[PDB]
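For reference, the structure is listed below as structure tokens.
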């Protein structure tokens, strides 16, 4: 559960797939 999937913004987790749009800290999508 506690995967620290993080980000400043969507760019910061693009790498996870497409944009992987991003909460204010948290890349709650990447999965």
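Here, residue 1 is simply the first one shown, and the rest follow in order.
Using N, Cα and C of the backbone, Cβ positions are placed for all residues, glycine too.
What Swiss-Prot says about this protein:
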type     : residues : note
DISULFID : 7-22     : disulfide bond
DISULFID : 13-27    : disulfide bond
DISULFID : 16-30    : disulfide bond
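This view paints the features noted in Swiss-Prot onto the structure.
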{"residue": "7", "record": "disulfide bond", "DSSP class": "strand"}
{"residue": "13", "record": "disulfide bond", "DSSP class": "helix"}
{"residue": "22", "record": "disulfide bond", "DSSP class": "coil"}
{"residue": "27", "record": "disulfide bond", "DSSP class": "coil"}
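For the disulfide-bonded residues 7, 22, 27, a Cα to Cα distance of within 10 angstroms from residue 16 (disulfide bond) holds for 27.
Taking a C-beta cut-off of under 8 angstroms and a sequence separation of 6 or more, residue 27 (disulfide bond) has the following same-chain neighbours: 5, 6, 7, 12, 13, 16, 20. Summary: among the disulfide-bonded residues (7, 16, 22), the fewest other C-beta atoms within 10 A of the C-beta are counted at 16. Note: the CA-CA distance between residue 30 (disulfide bond) and residue 22 (disulfide bond) rounds to 9 Å. Of all the disulfide-bonded residues listed (13, 30), 30 has the fewest other CB atoms within 10 A of its CB.
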